[PDB]
>>> print(open('protein_2.txt').read())   # compact mmCIF, C-alpha atoms and all ligand atoms
# COMPACT_ATOMS: atom_id res chain seq x y z
CA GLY T 458 17.69 116.27 396.85
CA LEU T 459 21.05 114.46 396.12
CA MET T 460 22.82 117.87 396.66
CA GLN T 461 25.27 118.10 399.61
CA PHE T 462 27.10 121.34 400.34
CA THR T 463 30.86 120.62 400.76
CA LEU T 464 33.66 122.78 402.08
CA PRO T 465 37.33 122.75 401.22
CA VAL T 466 39.27 120.29 403.36
CA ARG T 467 40.63 122.74 405.98
CA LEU T 468 37.07 124.11 406.55
CA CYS T 469 35.47 120.59 406.43
CA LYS T 470 37.81 119.57 409.37
CA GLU T 471 38.03 122.81 411.34
CA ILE T 472 34.28 123.80 411.22
CA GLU T 473 33.67 120.88 413.67
CA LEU T 474 35.93 122.48 416.31
CA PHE T 475 34.53 125.03 418.79
CA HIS T 476 37.30 127.64 418.02
CA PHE T 477 36.62 127.69 414.20
CA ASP T 478 36.66 131.27 412.71
CA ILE T 479 34.32 131.57 409.66
CA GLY T 480 36.87 133.64 407.77
CA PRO T 481 36.78 136.97 405.95
CA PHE T 482 35.01 135.69 402.75
CA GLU T 483 31.44 136.97 403.31
CA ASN T 484 30.09 135.09 400.23
CA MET T 485 31.04 131.73 401.79
CA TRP T 486 29.06 132.34 405.08
CA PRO T 487 25.67 131.25 403.60
CA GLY T 488 27.14 127.97 402.35
CA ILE T 489 28.85 127.40 405.73
CA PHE T 490 25.44 127.83 407.49
CA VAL T 491 23.62 125.46 405.03
CA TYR T 492 26.45 122.94 405.57
CA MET T 493 25.91 123.17 409.35
CA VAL T 494 22.09 122.84 409.02
CA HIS T 495 22.53 119.81 406.70
CA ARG T 496 24.84 118.00 409.19
CA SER T 497 23.22 119.04 412.51
CA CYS T 498 19.58 118.68 411.31
CA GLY T 499 19.56 116.82 407.92
CA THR T 500 19.20 117.35 404.11
CA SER T 501 15.41 116.88 404.77
CA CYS T 502 15.04 119.59 407.52
CA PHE T 503 14.30 122.46 405.06
CA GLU T 504 13.66 123.00 401.33
CA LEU T 505 16.97 124.34 399.89
CA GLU T 506 15.26 127.10 397.80
CA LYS T 507 13.29 128.42 400.84
CA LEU T 508 16.32 128.14 403.19
CA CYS T 509 18.57 130.07 400.78
CA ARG T 510 15.86 132.71 400.32
CA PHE T 511 15.54 132.93 404.12
CA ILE T 512 19.33 133.22 404.76
CA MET T 513 19.67 136.02 402.15
CA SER T 514 16.76 138.03 403.64
CA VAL T 515 18.21 137.48 407.13
CA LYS T 516 21.58 138.76 405.90
CA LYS T 517 19.95 141.86 404.29
CA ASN T 518 18.34 142.74 407.68
CA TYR T 519 21.74 142.84 409.55
CA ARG T 520 23.32 146.31 409.40
CA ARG T 521 26.91 147.40 408.61
CA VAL T 522 27.90 147.97 412.31
CA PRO T 523 31.33 146.98 413.67
CA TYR T 524 30.34 143.96 415.84
CA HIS T 525 26.55 143.20 415.76
CA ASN T 526 26.58 142.26 412.02
CA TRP T 527 26.04 139.28 409.75
CA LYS T 528 29.51 137.79 410.65
CA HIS T 529 28.45 137.80 414.35
CA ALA T 530 25.17 135.98 413.42
CA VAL T 531 26.97 133.20 411.53
CA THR T 532 29.70 132.98 414.22
CA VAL T 533 27.02 132.51 416.94
CA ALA T 534 25.25 129.86 414.77
CA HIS T 535 28.55 127.95 414.28
CA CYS T 536 29.19 127.76 418.09
CA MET T 537 25.59 126.37 418.46
CA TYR T 538 26.42 123.85 415.66
CA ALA T 539 29.50 122.61 417.58
CA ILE T 540 27.43 122.36 420.82
CA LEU T 541 24.74 120.29 418.98
CA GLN T 542 27.20 118.02 417.18
CA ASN T 543 29.10 117.27 420.48
CA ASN T 544 25.73 116.46 422.30
CA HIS T 545 24.08 114.39 419.49
CA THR T 546 21.35 112.59 421.49
CA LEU T 547 20.46 115.33 424.03
CA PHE T 548 18.24 117.37 421.66
CA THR T 549 14.82 117.03 419.96
CA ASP T 550 14.42 117.24 416.12
CA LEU T 551 12.60 120.59 416.64
CA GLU T 552 15.39 121.99 418.88
CA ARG T 553 17.95 121.08 416.16
CA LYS T 554 15.66 122.97 413.63
CA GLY T 555 14.98 125.96 415.90
CA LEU T 556 18.30 126.78 417.50
CA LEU T 557 20.53 127.31 414.42
CA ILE T 558 17.77 129.56 413.01
CA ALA T 559 17.49 131.31 416.39
CA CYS T 560 21.27 131.93 416.39
CA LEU T 561 21.32 133.28 412.81
CA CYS T 562 18.37 135.56 413.68
CA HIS T 563 19.29 136.51 417.32
CA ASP T 564 20.57 140.10 416.55
CA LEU T 565 18.46 140.87 413.41
CA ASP T 566 18.40 144.64 412.66
CA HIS T 567 20.76 145.54 415.53
CA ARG T 568 21.82 149.22 415.43
CA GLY T 569 25.02 148.90 417.54
CA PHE T 570 23.33 150.34 420.67
CA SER T 571 22.45 148.69 424.01
CA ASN T 572 18.89 148.35 425.45
CA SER T 573 19.94 151.02 427.93
CA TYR T 574 20.89 153.55 425.13
CA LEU T 575 17.48 153.08 423.39
CA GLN T 576 15.81 153.77 426.82
CA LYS T 577 17.88 156.94 427.45
CA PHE T 578 17.40 158.18 423.84
CA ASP T 579 13.67 157.26 424.21
CA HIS T 580 13.67 155.28 420.93
CA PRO T 581 10.15 154.15 419.92
CA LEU T 582 11.32 150.45 420.39
CA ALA T 583 11.76 151.22 424.17
CA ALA T 584 8.00 152.06 424.41
CA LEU T 585 6.94 149.00 422.37
CA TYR T 586 9.22 146.67 424.51
CA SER T 587 9.99 147.85 428.06
CA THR T 588 12.46 144.99 428.80
CA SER T 589 14.80 142.97 426.55
CA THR T 590 14.04 145.85 424.09
CA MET T 591 16.41 144.85 421.29
CA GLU T 592 15.72 141.10 421.77
CA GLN T 593 11.94 141.38 421.40
CA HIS T 594 12.71 143.38 418.24
CA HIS T 595 15.08 140.60 416.94
CA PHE T 596 12.31 137.99 417.49
CA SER T 597 9.75 140.31 415.73
CA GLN T 598 12.11 140.69 412.70
CA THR T 599 12.51 136.89 412.69
CA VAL T 600 8.70 136.36 412.40
CA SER T 601 8.46 139.11 409.69
CA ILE T 602 11.07 137.38 407.56
CA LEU T 603 9.43 133.93 408.20
CA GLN T 604 6.18 135.47 406.82
CA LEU T 605 7.55 136.80 403.47
CA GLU T 606 6.40 134.78 400.40
CA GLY T 607 8.64 131.76 399.73
CA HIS T 608 10.41 132.20 403.18
CA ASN T 609 8.45 129.76 405.38
CA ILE T 610 11.22 127.21 405.98
CA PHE T 611 8.93 125.53 408.62
CA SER T 612 5.93 124.99 406.22
CA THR T 613 6.27 121.12 406.46
CA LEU T 614 5.58 121.31 410.29
CA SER T 615 2.09 120.82 411.82
CA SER T 616 0.38 123.89 413.22
CA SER T 617 1.44 122.86 416.78
CA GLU T 618 5.06 121.85 415.91
CA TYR T 619 5.34 125.25 414.12
CA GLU T 620 4.13 126.92 417.38
CA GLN T 621 6.68 124.93 419.44
CA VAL T 622 9.63 125.82 417.09
CA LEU T 623 8.65 129.59 417.08
CA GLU T 624 8.50 129.23 420.87
CA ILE T 625 12.00 127.64 421.14
CA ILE T 626 13.22 130.55 418.86
CA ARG T 627 11.50 133.26 420.96
CA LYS T 628 12.91 132.03 424.28
CA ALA T 629 16.38 131.37 422.73
CA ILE T 630 16.47 134.96 421.33
CA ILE T 631 15.15 136.61 424.55
CA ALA T 632 17.84 134.68 426.53
CA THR T 633 20.59 136.58 424.60
CA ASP T 634 19.71 139.58 426.78
CA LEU T 635 22.76 139.26 429.09
CA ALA T 636 20.73 141.05 431.92
CA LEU T 637 18.74 137.73 432.10
CA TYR T 638 21.86 135.49 431.96
CA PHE T 639 23.09 136.14 435.58
CA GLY T 640 19.89 134.84 437.18
CA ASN T 641 19.47 132.01 434.65
CA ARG T 642 23.05 130.81 435.34
CA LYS T 643 22.56 131.02 439.20
CA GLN T 644 19.36 128.94 439.08
CA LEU T 645 21.11 126.39 436.80
CA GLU T 646 24.13 126.19 439.21
CA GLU T 647 21.76 125.64 442.22
CA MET T 648 19.71 122.99 440.27
CA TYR T 649 22.84 121.15 439.09
CA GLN T 650 24.40 120.97 442.68
CA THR T 651 21.19 119.99 444.58
CA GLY T 652 20.70 117.35 441.79
CA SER T 653 17.17 118.76 440.89
CA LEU T 654 18.24 119.46 437.22
CA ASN T 655 15.84 117.45 435.03
CA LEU T 656 16.16 117.61 431.20
CA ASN T 657 12.57 116.14 430.87
CA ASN T 658 11.25 119.26 432.62
CA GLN T 659 10.56 121.77 429.81
CA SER T 660 11.25 124.80 432.10
CA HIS T 661 14.68 123.19 432.80
CA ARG T 662 15.47 122.63 429.10
CA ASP T 663 14.49 126.25 428.45
CA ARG T 664 17.08 127.42 431.04
CA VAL T 665 19.81 125.10 429.57
CA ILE T 666 19.06 126.40 426.00
CA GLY T 667 19.17 129.92 427.43
CA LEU T 668 22.67 129.26 428.79
CA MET T 669 23.75 127.69 425.45
CA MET T 670 22.50 130.97 423.83
CA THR T 671 24.73 133.09 426.15
CA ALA T 672 27.67 130.67 425.47
CA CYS T 673 27.26 130.94 421.67
CA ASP T 674 26.66 134.70 421.83
CA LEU T 675 29.92 135.25 423.85
CA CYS T 676 31.99 132.67 421.78
CA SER T 677 34.38 135.54 420.69
CA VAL T 678 36.15 134.84 424.04
CA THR T 679 36.66 131.11 423.04
CA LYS T 680 38.70 131.66 419.83
CA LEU T 681 42.42 131.54 419.06
CA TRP T 682 44.01 134.57 420.81
CA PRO T 683 44.45 136.65 417.56
CA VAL T 684 40.70 136.25 416.71
CA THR T 685 39.73 137.08 420.34
CA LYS T 686 41.92 140.15 420.43
CA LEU T 687 40.80 141.56 417.04
CA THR T 688 37.08 140.90 417.72
CA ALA T 689 37.51 142.85 421.04
CA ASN T 690 38.46 145.88 418.81
CA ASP T 691 35.11 145.59 417.00
CA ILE T 692 33.20 145.18 420.31
CA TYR T 693 34.77 148.35 421.74
CA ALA T 694 34.25 150.26 418.43
CA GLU T 695 30.50 149.82 419.05
CA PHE T 696 30.60 150.46 422.83
CA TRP T 697 32.66 153.65 422.37
CA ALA T 698 30.33 155.01 419.62
CA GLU T 699 27.48 154.46 422.11
CA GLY T 700 29.59 156.24 424.77
CA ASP T 701 29.86 159.25 422.38
CA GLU T 702 26.04 159.10 421.89
CA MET T 703 25.58 159.04 425.72
CA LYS T 704 27.77 162.21 426.04
CA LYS T 705 25.58 163.86 423.31
CA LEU T 706 22.52 163.23 425.55
CA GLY T 707 24.51 164.87 428.48
CA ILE T 708 25.18 161.46 430.22
CA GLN T 709 28.62 160.18 431.40
CA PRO T 710 28.62 156.67 429.89
CA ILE T 711 29.63 153.57 431.98
CA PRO T 712 33.44 153.08 431.69
CA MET T 713 32.90 150.11 429.23
CA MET T 714 31.58 152.72 426.68
CA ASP T 715 34.02 155.56 427.35
CA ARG T 716 36.79 155.73 424.72
CA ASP T 717 38.77 157.93 427.24
CA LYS T 718 39.30 154.64 429.22
CA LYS T 719 41.02 152.88 426.19
CA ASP T 720 44.07 152.28 428.44
CA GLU T 721 41.96 150.25 430.97
CA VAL T 722 40.78 147.71 428.32
CA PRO T 723 42.97 144.81 429.47
CA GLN T 724 41.56 145.16 433.06
CA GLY T 725 37.92 145.56 431.76
CA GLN T 726 38.41 142.26 429.78
CA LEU T 727 39.67 140.61 433.05
CA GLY T 728 36.50 141.59 435.00
CA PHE T 729 34.33 140.46 432.11
CA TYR T 730 36.03 137.03 431.88
CA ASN T 731 35.83 136.57 435.74
CA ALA T 732 32.25 138.01 436.16
CA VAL T 733 30.59 136.72 432.93
CA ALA T 734 32.50 134.38 430.55
CA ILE T 735 34.21 131.88 432.96
CA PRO T 736 31.04 131.34 435.08
CA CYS T 737 29.05 130.90 431.79
CA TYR T 738 31.27 128.17 430.29
CA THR T 739 31.94 126.61 433.76
CA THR T 740 28.17 126.06 434.41
CA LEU T 741 27.72 125.04 430.71
CA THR T 742 30.47 122.41 431.03
CA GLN T 743 28.93 121.02 434.29
CA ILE T 744 25.58 120.46 432.45
CA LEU T 745 27.02 119.43 429.03
CA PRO T 746 30.41 117.81 429.54
CA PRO T 747 31.43 117.69 425.84
CA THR T 748 31.43 121.59 425.73
CA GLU T 749 34.56 121.74 427.92
CA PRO T 750 36.77 123.01 425.04
CA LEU T 751 34.82 126.36 425.23
CA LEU T 752 35.85 126.62 428.92
CA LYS T 753 39.48 125.66 428.16
CA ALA T 754 39.64 128.32 425.34
CA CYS T 755 38.03 130.96 427.59
CA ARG T 756 40.63 130.21 430.33
CA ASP T 757 43.40 130.41 427.68
CA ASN T 758 42.18 133.91 426.60
CA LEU T 759 41.85 135.09 430.24
CA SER T 760 45.49 134.10 430.68
CA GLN T 761 46.41 136.11 427.49
CA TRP T 762 44.66 139.30 428.94
CA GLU T 763 46.67 138.74 432.15
CA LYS T 764 49.83 138.68 430.02
CA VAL T 765 48.75 141.95 428.38
CA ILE T 766 48.40 143.51 431.88
CA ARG T 767 51.89 142.21 432.96
CA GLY T 768 53.53 143.87 429.88
CA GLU T 769 54.46 140.36 428.38
CA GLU T 770 51.83 141.03 425.51
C1 LIG M 801 32.09 138.60 423.75
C2 LIG M 801 32.19 139.81 424.55
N1 LIG M 801 31.10 140.39 425.08
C3 LIG M 801 31.60 141.48 425.76
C4 LIG M 801 30.92 142.43 426.54
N2 LIG M 801 29.48 142.30 426.62
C5 LIG M 801 28.84 143.43 427.44
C6 LIG M 801 27.39 143.46 427.02
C7 LIG M 801 28.98 143.34 428.95
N3 LIG M 801 31.61 143.43 427.16
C8 LIG M 801 33.01 143.53 427.00
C9 LIG M 801 33.72 144.61 427.65
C10 LIG M 801 33.88 144.21 429.10
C11 LIG M 801 34.30 145.43 429.86
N4 LIG M 801 35.23 146.31 429.45
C12 LIG M 801 35.27 147.23 430.42
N5 LIG M 801 36.02 148.39 430.40
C13 LIG M 801 36.93 148.70 429.41
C14 LIG M 801 37.83 149.74 430.02
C15 LIG M 801 36.94 150.43 431.00
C16 LIG M 801 36.19 149.29 431.53
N6 LIG M 801 34.41 146.98 431.41
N7 LIG M 801 33.80 145.81 431.06
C17 LIG M 801 32.84 145.07 431.88
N8 LIG M 801 33.74 142.61 426.28
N9 LIG M 801 32.93 141.57 425.67
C18 LIG M 801 33.33 140.51 424.94
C19 LIG M 801 34.80 140.27 424.57
MG MG M 802 21.86 140.73 421.07
ZN ZN M 803 24.65 138.57 419.68
>>> encode(input="protein_2.txt", output="structure tokens")
Amino acid sequence: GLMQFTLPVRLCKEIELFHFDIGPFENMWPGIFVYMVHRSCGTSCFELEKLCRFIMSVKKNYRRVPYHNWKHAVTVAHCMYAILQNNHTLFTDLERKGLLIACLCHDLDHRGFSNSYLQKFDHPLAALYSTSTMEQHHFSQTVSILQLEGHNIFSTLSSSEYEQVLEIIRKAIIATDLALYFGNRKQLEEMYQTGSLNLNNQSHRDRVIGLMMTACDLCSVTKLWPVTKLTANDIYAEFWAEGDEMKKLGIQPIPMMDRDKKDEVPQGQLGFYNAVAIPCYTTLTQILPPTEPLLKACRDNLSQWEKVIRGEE
């Protein structure tokens, strides 16, 4: 009850910044997450015993893949934390409760393959879920874990508040399907510019939380250059293993997933920052001004990839 989580001083100060890296000590990630729940939501939000039990079962259901692993889950939750703490009054009590959980759960049981690889392999998940295949799975694993004995962290909520939080979590997790991001971001841009954006309209909030989800999920591009550059190694280790798996099905992979195009990485990062990342954090900053440091950091990393191309890096 009287039991704060505290972090060493450097982590206490730096966890509040958008560019914070959660570090290589796996055993501290649970405490970092509880710390973020306790400050962004409250000591009262969840029973400590249930939360801890929930975090450890969530961790167990992330696999030992190079990028889509437990570190990625906690990284994506910390970016959400920083967004929430910089936009104190913009969010409901339920949203505060739902979104850090959504972020921790958003890639549950990821195998290191894209929706498109499951569809070409003809994985059973692709017949259960014909679009957003992996994301419907992640939401289904979230509900499974919420239903284990002693794991219902939302038990203090009314039946209808419980339904609303599971509904914030579902939409937040589905939104991490980047195929959906392009259209979400365009509609948000149009709505912001024609002044129709209305945060009291639930379908508008949903879109804005969707974009937050993309922003957190891509937050590898918003770190200190050394973190950005080394995370890209992990990202490509997955993509290229998928490439190999595509060639085993007799399919030339897209160049993103072809290890033979190693040498083009700097230029692939450029297109990605111009086509995906910069537009994401640009539109996010328009809607939520205090998130501008994510845009500044993204722009800084774009400029570092340009240096790599010019032979200065
Ligand atoms: C956070 C993060 N998320 C992603 C991401 N997410 C995908 C689901 C689109 N993709 C990439 C790779 C982007 C890329 N590389 C290349 N090639 C590499 C040499 C041939 C072409 N082409 N593209 C488009 N980086 N990345 C980061 C850093
Ligand atoms: Mg995902
Ligand atoms: Zn993710």
>>> residues_near_point(input="protein_2.txt", point="(31.8, 132.4, 420.1)", cutoff="9 Å", atoms="only C-alpha atoms", output="number ranges by chain")
T: 475-478, 529, 532-537, 672-680, 751
>>> residues_around(input="protein_2.txt", residues="residue 682 of chain T", least_positions_apart="4", cutoff="9 Å", atoms="all atoms listed in the file", output="JSON, numbers by chain")
{"T": [678, 686, 687, 754, 757, 758, 761]}
>>> residues_near_ligand(input="protein_2.txt", ligand="ligand MG 802 (chain M)", cutoff="8 Å", atoms="only C-alpha atoms and all ligand atoms", output="PDB file with C-alpha atoms, keeping the file's coordinate frame")
ATOM      1  CA  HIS T 525      26.550 143.200 415.760  1.00  0.00           C
ATOM      2  CA  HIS T 563      19.290 136.510 417.320  1.00  0.00           C
ATOM      3  CA  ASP T 564      20.570 140.100 416.550  1.00  0.00           C
ATOM      4  CA  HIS T 567      20.760 145.540 415.530  1.00  0.00           C
ATOM      5  CA  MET T 591      16.410 144.850 421.290  1.00  0.00           C
ATOM      6  CA  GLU T 592      15.720 141.100 421.770  1.00  0.00           C
ATOM      7  CA  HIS T 595      15.080 140.600 416.940  1.00  0.00           C
ATOM      8  CA  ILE T 630      16.470 134.960 421.330  1.00  0.00           C
ATOM      9  CA  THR T 633      20.590 136.580 424.600  1.00  0.00           C
ATOM     10  CA  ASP T 634      19.710 139.580 426.780  1.00  0.00           C
ATOM     11  CA  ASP T 674      26.660 134.700 421.830  1.00  0.00           C
TER      12      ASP T 674
END
>>> atom_distance(input="protein_2.txt", atom1="atom CA of residue 502 of chain T", atom2="atom CA of residue 614 of chain T")
10.0 Å
>>> closest_residue(input="protein_2.txt", among="T:569, T:499, T:723, T:555", to="ligand ZN 803 (chain M)", atoms="all atoms listed in the file")
T:569
>>> residues_near_ligand(input="protein_2.txt", ligand="ligand LIG 801 (chain M)", cutoff="10 Å", atoms="all atoms listed in the file", output="PyMOL selection string")
chain T and resi 524+571-572+633-636+671-679+685-693+696-697+711-734+758
>>> closest_residue(input="protein_2.txt", among="T:603, T:523, T:681, T:631", to="residue 588 of chain T", atoms="only C-alpha atoms")
T:631
>>> closest_residue(input="protein_2.txt", among="T:488, T:710, T:747, T:768", to="residue 465 of chain T", atoms="all atoms listed in the file")
T:488
>>> build_atoms(input="protein_2.txt", residues="segment 726-747 of chain T", atoms="N, CA, C and O atoms", output="PDB file, in the frame of the given file")
ATOM      1  N   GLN T 726      38.554 143.658 430.329  1.00  0.00           N
ATOM      2  CA  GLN T 726      38.410 142.260 429.780  1.00  0.00           C
ATOM      3  C   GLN T 726      38.531 141.250 430.953  1.00  0.00           C
ATOM      4  O   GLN T 726      37.669 140.312 431.092  1.00  0.00           O
ATOM      5  N   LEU T 727      39.527 141.428 431.817  1.00  0.00           N
ATOM      6  CA  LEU T 727      39.670 140.610 433.050  1.00  0.00           C
ATOM      7  C   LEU T 727      38.366 140.528 433.833  1.00  0.00           C
ATOM      8  O   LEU T 727      37.885 139.379 434.085  1.00  0.00           O
ATOM      9  N   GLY T 728      37.755 141.676 434.187  1.00  0.00           N
ATOM     10  CA  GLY T 728      36.500 141.590 435.000  1.00  0.00           C
ATOM     11  C   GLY T 728      35.436 140.818 434.272  1.00  0.00           C
ATOM     12  O   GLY T 728      34.733 139.919 434.857  1.00  0.00           O
ATOM     13  N   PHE T 729      35.335 141.111 432.973  1.00  0.00           N
ATOM     14  CA  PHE T 729      34.330 140.460 432.110  1.00  0.00           C
ATOM     15  C   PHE T 729      34.562 138.961 432.089  1.00  0.00           C
ATOM     16  O   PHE T 729      33.573 138.151 432.173  1.00  0.00           O
ATOM     17  N   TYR T 730      35.823 138.511 431.909  1.00  0.00           N
ATOM     18  CA  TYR T 730      36.030 137.030 431.880  1.00  0.00           C
ATOM     19  C   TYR T 730      35.662 136.478 433.280  1.00  0.00           C
ATOM     20  O   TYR T 730      35.046 135.372 433.372  1.00  0.00           O
ATOM     21  N   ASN T 731      36.101 137.141 434.361  1.00  0.00           N
ATOM     22  CA  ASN T 731      35.830 136.570 435.740  1.00  0.00           C
ATOM     23  C   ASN T 731      34.332 136.668 436.079  1.00  0.00           C
ATOM     24  O   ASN T 731      33.723 135.626 436.460  1.00  0.00           O
ATOM     25  N   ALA T 732      33.686 137.816 435.813  1.00  0.00           N
ATOM     26  CA  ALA T 732      32.250 138.010 436.160  1.00  0.00           C
ATOM     27  C   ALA T 732      31.300 137.304 435.211  1.00  0.00           C
ATOM     28  O   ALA T 732      30.192 136.972 435.665  1.00  0.00           O
ATOM     29  N   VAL T 733      31.634 137.142 433.917  1.00  0.00           N
ATOM     30  CA  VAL T 733      30.590 136.720 432.930  1.00  0.00           C
ATOM     31  C   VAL T 733      30.972 135.432 432.224  1.00  0.00           C
ATOM     32  O   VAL T 733      30.244 134.455 432.358  1.00  0.00           O
ATOM     33  N   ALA T 734      32.085 135.456 431.482  1.00  0.00           N
ATOM     34  CA  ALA T 734      32.500 134.380 430.550  1.00  0.00           C
ATOM     35  C   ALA T 734      32.823 133.075 431.292  1.00  0.00           C
ATOM     36  O   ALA T 734      32.236 132.047 430.907  1.00  0.00           O
ATOM     37  N   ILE T 735      33.711 133.122 432.289  1.00  0.00           N
ATOM     38  CA  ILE T 735      34.210 131.880 432.960  1.00  0.00           C
ATOM     39  C   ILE T 735      33.035 131.207 433.674  1.00  0.00           C
ATOM     40  O   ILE T 735      32.736 130.031 433.444  1.00  0.00           O
ATOM     41  N   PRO T 736      32.244 131.942 434.464  1.00  0.00           N
ATOM     42  CA  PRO T 736      31.040 131.340 435.080  1.00  0.00           C
ATOM     43  C   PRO T 736      30.091 130.752 434.034  1.00  0.00           C
ATOM     44  O   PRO T 736      29.610 129.609 434.237  1.00  0.00           O
ATOM     45  N   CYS T 737      29.927 131.430 432.870  1.00  0.00           N
ATOM     46  CA  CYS T 737      29.050 130.900 431.790  1.00  0.00           C
ATOM     47  C   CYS T 737      29.506 129.511 431.340  1.00  0.00           C
ATOM     48  O   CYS T 737      28.713 128.495 431.295  1.00  0.00           O
ATOM     49  N   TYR T 738      30.757 129.418 430.914  1.00  0.00           N
ATOM     50  CA  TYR T 738      31.270 128.170 430.290  1.00  0.00           C
ATOM     51  C   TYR T 738      31.525 127.131 431.382  1.00  0.00           C
ATOM     52  O   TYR T 738      31.419 125.933 431.043  1.00  0.00           O
ATOM     53  N   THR T 739      31.830 127.564 432.606  1.00  0.00           N
ATOM     54  CA  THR T 739      31.940 126.610 433.760  1.00  0.00           C
ATOM     55  C   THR T 739      30.586 125.893 433.967  1.00  0.00           C
ATOM     56  O   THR T 739      30.503 124.612 433.874  1.00  0.00           O
ATOM     57  N   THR T 740      29.506 126.657 434.165  1.00  0.00           N
ATOM     58  CA  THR T 740      28.170 126.060 434.410  1.00  0.00           C
ATOM     59  C   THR T 740      27.756 125.266 433.156  1.00  0.00           C
ATOM     60  O   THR T 740      27.151 124.152 433.300  1.00  0.00           O
ATOM     61  N   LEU T 741      28.072 125.774 431.947  1.00  0.00           N
ATOM     62  CA  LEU T 741      27.720 125.040 430.710  1.00  0.00           C
ATOM     63  C   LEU T 741      28.450 123.694 430.695  1.00  0.00           C
ATOM     64  O   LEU T 741      27.893 122.680 430.171  1.00  0.00           O
ATOM     65  N   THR T 742      29.713 123.675 431.098  1.00  0.00           N
ATOM     66  CA  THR T 742      30.470 122.410 431.030  1.00  0.00           C
ATOM     67  C   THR T 742      29.939 121.390 432.066  1.00  0.00           C
ATOM     68  O   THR T 742      29.860 120.156 431.745  1.00  0.00           O
ATOM     69  N   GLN T 743      29.582 121.869 433.256  1.00  0.00           N
ATOM     70  CA  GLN T 743      28.930 121.020 434.290  1.00  0.00           C
ATOM     71  C   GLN T 743      27.718 120.338 433.669  1.00  0.00           C
ATOM     72  O   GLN T 743      27.593 119.147 433.786  1.00  0.00           O
ATOM     73  N   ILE T 744      26.872 121.050 432.934  1.00  0.00           N
ATOM     74  CA  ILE T 744      25.580 120.460 432.450  1.00  0.00           C
ATOM     75  C   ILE T 744      25.830 119.641 431.193  1.00  0.00           C
ATOM     76  O   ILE T 744      25.127 118.634 430.978  1.00  0.00           O
ATOM     77  N   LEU T 745      26.750 120.093 430.332  1.00  0.00           N
ATOM     78  CA  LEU T 745      27.020 119.430 429.030  1.00  0.00           C
ATOM     79  C   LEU T 745      28.520 119.189 428.958  1.00  0.00           C
ATOM     80  O   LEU T 745      29.289 120.017 428.464  1.00  0.00           O
ATOM     81  N   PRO T 746      28.985 118.048 429.475  1.00  0.00           N
ATOM     82  CA  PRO T 746      30.410 117.810 429.540  1.00  0.00           C
ATOM     83  C   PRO T 746      31.117 118.020 428.216  1.00  0.00           C
ATOM     84  O   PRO T 746      32.164 118.646 428.209  1.00  0.00           O
ATOM     85  N   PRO T 747      30.644 117.527 427.075  1.00  0.00           N
ATOM     86  CA  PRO T 747      31.430 117.690 425.840  1.00  0.00           C
ATOM     87  C   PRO T 747      31.686 119.153 425.366  1.00  0.00           C
ATOM     88  O   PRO T 747      32.356 119.324 424.384  1.00  0.00           O
TER      89      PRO T 747
END
